[PDB]
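A quick write-up on the structure given underneath.
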Amino acid sequence: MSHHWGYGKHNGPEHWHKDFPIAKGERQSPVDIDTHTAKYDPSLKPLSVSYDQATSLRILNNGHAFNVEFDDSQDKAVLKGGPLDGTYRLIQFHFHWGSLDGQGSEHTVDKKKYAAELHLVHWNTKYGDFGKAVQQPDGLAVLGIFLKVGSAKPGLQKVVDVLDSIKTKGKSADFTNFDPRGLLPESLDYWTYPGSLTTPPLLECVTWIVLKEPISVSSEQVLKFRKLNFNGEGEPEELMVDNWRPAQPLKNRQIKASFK
Ligand SMILES: O[B-]1(O)OCc2ccccc21
Ligand SMILES: OB1OCc2ccccc21
Ligand SMILES: OB1OCc2ccccc21
Ligand SMILES: [Zn+2]
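Take the sequence shown: its letters are residues 1 to 125, 127 to 261, numbered as in the authors' numbering.
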């Protein structure tokens, strides 16, 4: 019932440029990762993902995805190294997923679409908070992880099991004591490039770090994502599926690989 951007024919990615002309900008995300033209950069550092002191707080259905939110008021869960200068603090994670196992990811790999994509969102501590960070060209670092359907991911199950309590837009629930390390693959090999948010306001503030190795989740786990709703409670049901933006033009960018 409310006026909002979304993923429908009438309010989806093809419309967003009218309110957010940066949608047609020079560093938009996601992109297709052409693995054959990405260059290995020996100058890149190992990525340092340090999530041992992470403090999860809450899970929220914001009408576009669900966010698992963290206490970012101290250096507790940080990303550094790789392509990054300085230290970026974890604020939230969320996913993008499809109506069918053959689509759902935002980034693609040689045109391959995965069933879903996880975004671990971090802000550059030099700018003091998330709101100020998104006003900067190096304000955010997003760790992107592909999901394929296969074996269950045990570290995902606590998330799946709470989704029924946040079915509709605006619902939240406690989500303490969640260890986000259980959402990572074994390998930290990655691609990186400069880009943007993949949702309005589409701000060009992101260093993307996209892991090469997908995680596998079960058919049952991703089905439960698809029972969420875009609508509010008491409104007609519109399933939260296909909340992904398609690949955008690479323009004058290079994608760098951390591996040979
Ligand atoms: O993928 B997204 O555009 O969704 C919300 C978000 C927040 C921070 C960085 C990137 C994103
Ligand atoms: O502001 B709007 O939110 C959803 C929608 C659908 C059609 C036309 C306008 C709007
Ligand atoms: O600029 B827009 O064209 C269609 C629409 C729907 C919802 C929100 C914004 C827009
Ligand atoms: Zn995202």
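Note that beta-carbon positions come from the ideal geometry of N, C-alpha and C, so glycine has one too.
Output yes or no for whether 8 Å exceeds the beta carbon distance between residue i and residue j.
i	j	result
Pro181	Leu120	yes
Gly233	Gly140	no
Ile91	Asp72	yes
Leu212	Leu189	yes
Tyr51	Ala77	yes
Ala65	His94	yes
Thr177	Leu60	no
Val150	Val218	yes
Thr193	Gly82	yes
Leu79	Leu184	no
I'd like to confirm something about residue i: is its beta-carbon nearer than 7 Å to some heavy atom of ligand 4, or not?
i	result
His94	yes
residue 262	This structure gives no information on residue 262, because the portion of the chain shown stretches from 1 to 261.
Report whether the distance from the Cβ of residue i to the nearest heavy atom of ligand 2 is below 7 Å.
i	result
residue 262	Since the first residue shown for the chain is 1 and the last is 261, residue 262 is missing from the structure and cannot be characterised.
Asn11	yes
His3	yes
For residue i, name the three-state secondary structure that DSSP assigns.
i	result
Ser152	coil
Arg182	helix
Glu69	strand
Please indicate yes or no: does the CB of residue i lie closer than 7 Å to some heavy atom of ligand 1?
i	result
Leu141	yes
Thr193	no
Under 6 Å Cβ to Cβ from residue i, same chain only, skipping five residues before and after it: list those, please.
i	result
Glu106	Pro30, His96, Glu117, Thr199, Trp245 and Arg246
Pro201	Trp5, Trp16 and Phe20
Sorted by chain position, which residues of the same chain lie with C-beta nearer than 7 Å to residue i's C-beta, five sequence neighbours on each side aside?
i	result
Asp175	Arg58
Counting C-beta neighbours from all protein chains within 10 Å, is the total for residue i 16 or more, i.e. buried, or is it exposed?
i	result
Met241	buried
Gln28	buried
Can you list, in chain order, the residues of its chain with a C-beta nearer than 8 Å to that of residue i? Leave out the 5 residues immediately preceding and following it.
i	result
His36	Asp110
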